[PDB]
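Letters A, B, C, D and E mark the chains in the order given here, with residues in each chain numbered from 1 onward.
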Amino acid sequence: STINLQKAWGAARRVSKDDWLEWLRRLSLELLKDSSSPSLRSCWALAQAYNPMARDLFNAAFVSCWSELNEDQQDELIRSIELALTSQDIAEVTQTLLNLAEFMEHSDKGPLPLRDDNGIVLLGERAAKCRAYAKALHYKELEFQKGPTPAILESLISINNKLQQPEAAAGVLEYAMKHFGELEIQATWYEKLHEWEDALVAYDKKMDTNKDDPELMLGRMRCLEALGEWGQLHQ
Amino acid sequence: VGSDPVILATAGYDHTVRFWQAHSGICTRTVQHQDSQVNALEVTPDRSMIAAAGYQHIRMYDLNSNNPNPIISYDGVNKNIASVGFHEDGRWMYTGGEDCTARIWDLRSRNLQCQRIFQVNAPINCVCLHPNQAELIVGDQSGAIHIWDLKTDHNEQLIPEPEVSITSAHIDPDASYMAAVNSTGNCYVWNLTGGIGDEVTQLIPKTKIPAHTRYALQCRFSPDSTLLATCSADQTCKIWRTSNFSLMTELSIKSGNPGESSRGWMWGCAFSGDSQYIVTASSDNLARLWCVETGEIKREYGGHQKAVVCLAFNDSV
Amino acid sequence: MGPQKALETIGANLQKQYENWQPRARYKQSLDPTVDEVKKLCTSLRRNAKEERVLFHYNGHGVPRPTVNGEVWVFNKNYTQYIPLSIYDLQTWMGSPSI
Amino acid sequence: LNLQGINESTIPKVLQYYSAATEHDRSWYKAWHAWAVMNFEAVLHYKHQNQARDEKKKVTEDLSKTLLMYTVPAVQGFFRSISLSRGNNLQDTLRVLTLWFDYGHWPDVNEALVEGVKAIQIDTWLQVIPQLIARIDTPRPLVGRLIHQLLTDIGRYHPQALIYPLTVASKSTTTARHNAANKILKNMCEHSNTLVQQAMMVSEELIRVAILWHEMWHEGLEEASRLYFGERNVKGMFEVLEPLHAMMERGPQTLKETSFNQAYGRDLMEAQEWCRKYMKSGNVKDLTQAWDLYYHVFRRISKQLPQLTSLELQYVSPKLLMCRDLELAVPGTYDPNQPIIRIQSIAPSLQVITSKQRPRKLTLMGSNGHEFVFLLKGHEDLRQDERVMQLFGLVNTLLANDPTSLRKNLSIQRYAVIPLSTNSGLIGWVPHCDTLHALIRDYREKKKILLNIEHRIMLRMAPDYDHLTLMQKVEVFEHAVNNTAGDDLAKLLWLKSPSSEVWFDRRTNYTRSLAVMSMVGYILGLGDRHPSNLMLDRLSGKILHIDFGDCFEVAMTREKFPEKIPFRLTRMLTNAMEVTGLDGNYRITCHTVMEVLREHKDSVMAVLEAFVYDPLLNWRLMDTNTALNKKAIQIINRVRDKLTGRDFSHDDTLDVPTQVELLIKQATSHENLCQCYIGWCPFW
Amino acid sequence: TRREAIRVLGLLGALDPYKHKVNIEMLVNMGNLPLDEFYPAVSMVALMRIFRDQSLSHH
């Protein structure tokens, strides 16, 4: 009961939207046929016909199967899931596999071991393009728990902004101040937080040391139009 | 223990008080101490009996006779006797407690009640008898140092920094400098006026040494009065030279590895008879006889199961 | 009534009910009993009621159904396992004239 | 005022302005309110300057003339500033009461009040029915007559707003209260009668339900044994037991009381014979026979009490079982605007919560069809909680009005509190909640972690933990915190949510809700915030405090284990917030709240002053010592200190960010946390 | 049409979101149970979503 499954896992010769959606349907329905618990196996025949039935049992089908599989088969499966997230982003196919990954975290079966980091980095990047910014955030904080870096803090700030949460984003800048000092704080971070007064102070400090760089000129002008200092901006 | 010239007792949370040997590092005899921890040990100037201030009892064991229990177990005090001093005549004994009262105890008489009392606002962390045997310096949790005179009752209150518990304070045997230490980890040194007879005793503020990052715990000058040892929760016992107040040596008990959350704090410290060595107790269960100049563990005493908060050390001939 | 009191109460009521019919007899309750507990109970009642009749009332509503192998269920000391009790052993301990 | 201050030269000037302001805009709310409050401060400046100079013959007679010049204006002003709010006039209305109770015995102030009480709408007074009934029996006749007359007219329209608090007063122990309270009900009878008599029954029956005889004998014999065997106070021991013997001398009024009197009652009456033999003989052998009988029933009761998981109404109170379609409305539902949600019927079973106090879980069916669950507490006075919920209501209004707060949806979760006697009352049950202690217990049994792990680690390191010096404790305390990942609450908030977009919203609510009650609790002085006293809404994620006994820093002053903490902000609560830490939403919300409270400090003062100076509730403040009016000023001075940022050093005046910074340091400090009672769980 | 639908969102004027907030189970199933109970429960819930009027005509 894993010959037809291994074709549905390791096909991945799909170069369109409906091709990957076909990969999903074949994957989901193959999990129903296999599933050891007969309550799921009994929905197979229905699910072949009605497809939103197959989507609703996806996570439950998956877990039942994924517990039974033998390590090398788990790796065979996960490599194909990575390919679907990595190669070719479709709004339906990605958000199915993110909801699988999230469902797997809540289970005692433990999270999907994707790509060494439990795919914390992979799933975060993918959730950001799906515009699932709370999933994006959860993963980006797990990242931060393991080891804080400046690049993490930056993304953490922009995620909070996209998610309409500027006071939480402000807190990320306060963290930076204490634990990393000042050099790690870019001028752009103030700009993202709408700290136009403090961003201008930062771009002035930067433009003194460095020479006439196009990025730092526009960065400082961008602050002036936001402040509304039309006098200095026209100079 | 008593007949041997050097004494080195050690005690902490494990209900024992182990009498070591400085030359070897071997436990000669243990002594039971139930019902409490020990907050402060103290050998008497006469060297007949040790003291052990704990919780609601200053116990005092025999140094001469081998393997008994306590001789003179005082009681009648609530909440932790934090300190004990000793008068050089061997008659009087001073204390400081969490109940906000310093005291004086007659050793030669029977009175279980203390003789005199100098109540204060906040809990008393440390006592220190001035070498002239006339003034008793007293730190506390509010920040207030005091100088309760033993003849006129004129307490001269003093606060180095507002709202920081001064945890220890010592004054050297030659009455030159007085040091204090607080829970921020600073070490305020005060220069003394030569006022033994007149009782002028005016404290002139010299230096706030930024000694440690974390809680400081005890400071003590050497018998030479050239060195000022300063212990702390950051797992180091720094030694500052008295002339400059610049970091001479730093005795640390860290792991040498970032993956080690809290081995133990550095509690007590006590200079040798000639300021060549410096003994040091820690919460990693180990007393350590260090070398002052070099900064090297000459010996290590490994007896206790639970932590070690006190030391006593006496090379008095 | 809550678990423990209810069991004593049901035992008390059950005794009263029987005392309407036979008011002059030694009643002796066993309440969620062990096997040893039943042995000591029945063997004592046969000693007393030497050749005269003894009633054995068994109410097994809280234990699994009696088996094909001629067994009736009681508990272990801790109330963690249903212990079987053989009807053979039960009719050993109880005597001849009995109901 | 901001430049000069309050003094002899400013008051005549600032009144000159505000009087003019009032002239130029009659209708304008603030112009009258400012005039009124200024006059009201001109009273308290001249009252407190009299006590400062005169106390520490002619001056009290001058004070009559002096204050009455500023007292009559203040009243007239507050009455106009009520009629121009008509919706948000609590501050204004309480200030009128404070004036009336204190100074209303004067002829001129009395007149002003009479004219005022006529003009004002009767709906306004429903806010302050608690504060009124507290002074139902004021020894001054001229004041008390106008209270009665006002309450009477609140009875004639909105009787549902009055029956519950009057019925509590009507069965008061003190003679004047119950006389005054009954006299008012006699008037309410000829309006309603059925409503009065329904409420009179329901409340009597609910009290009977709240503490059964075997529960009273249990608490009484525990207290009576401590007096006799412990202290050797024999006359005081009879004061504990003689009401309990006299209690049963009514006889069995219900089946539960019959079955008590059946089993035990014969012995208790016999034990009283030995006690009454001791009073006229004086023998040790007589009185020891009684304690043999008392300890016989005491052990039998103690064995029973754990088995009462539920009480059936048929046994405990059949009167309540009978009740159908009562006109008397569901407790704490009454609103003068909404249609009355009257009691359809009371459910037959009472799910008794297994705690120290054994509260019931009463549930009433409304006429609207919805069930209303309550918690029927016995022997725990709820008049504080009633007042404290009045404060939270006010604070919620303030946060709704401020846009910053409104945009963030800041508010305090509150519940109904309905006292029934000095002992007992109903608390409104909040659904979808569970205590923080419960959550962590249930998470740790799931994840196989030892519940007392932090405690066990400490006692392993130092078995004398309780008796250690402060510094010693801090070491031990930190060693526990460094060697346990305090992430149980953060982790379980994730696990317990469905999506992550929901999780995110729950956590935002959580953080803000916490911050609001940290600040509000700080001001109120609210202590005893151990993890059983705060609960988390399992849908919204919002926090909810319960148990408001330890207010106004009473737990900071107490002798054994004084709290050294402004509010609970310990590492589990902090980890459950955003991973960046306190410095995001929590600290920012803390500012926003403390800005609102600091702005509207008169409104907050007005409410807190009301229930500190209430002489029914003052007993809580005196009891910390091992006269009251002195202690009551100190409390309210401190509240002003907190609300003005003059609370750490009276010399300095901190801005909100600086004050909120020092508070968070104080709550977070290890030195402070390690001193806490271990039951407080300073490590969660 | 798309142009007018913008031109009308224009004229009514950029409404602020806070004025707009006033103007307006499968994971939960697993959140509770062990897996052997869970599988029927999620199957049933999914079947009874179908088992209501519309899609049943054939199924």
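Here is the rule we use: contacts are C-beta pairs under 8 Å (C-beta built on N, C-alpha and C of every residue); 3 or more make two chains touch, one makes a residue touch a chain.
Here's who's who by UniProt: B = Target of rapamycin complex subunit LST8.
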### Task
Pick the chain whose C-alpha centre of mass, unweighted, sits closest to the average of all protein C-alpha coordinates shown.
D
### Message
Contact counts by the stated rule: is the higher one at A-D or D-E?
### Response
A-D
#### Entry: Between chain E and chain D, distance of the C-alpha-averaged centres to the nearest whole Å
42
### Query
What is the distance, in whole Å, between the centres of chain A and chain B, each centre taken as the mean of its C-alpha atoms?
58
### Query
Cα centroid separation between chain B and chain D, in whole Å?
49
#### Entry: For chain C, residues that touch 2 or more chains besides their own
none
### Shared-contact residues (touching 2 or more other chains) in chain D
495, 499
### Task
Spell out, as numbers or ranges, the residues of chain B touching 2 or more other chains.
none
### Query
When you check every pair of chains, which ones turn out to touch?
A-D, A-E, B-D, C-D, D-E
### Task
Give every residue of chain D touching chain E within the complex, in rising order.
406-407, 495-496, 498-499
### Query
Given the complex with chain D, which residues does chain E contribute to the contact?
18, 25, 27-28, 31
### Task
Please give the residue numbers of chain E that touch chain A in the complex, ascending.
26-27, 30-31, 35-36, 38-40, 42-44, 46-47, 49-50, 55, 58-59
### Query
In the complex of these two chains, what residues of chain B are touching chain D?
13, 36-37, 39, 55, 80, 82, 98, 123, 125, 141, 165, 167, 183, 215, 217, 233, 261-262, 265, 283, 306-307, 309
### Task
Could you pull out which chain C residues touch chain D in their complex?
1-5
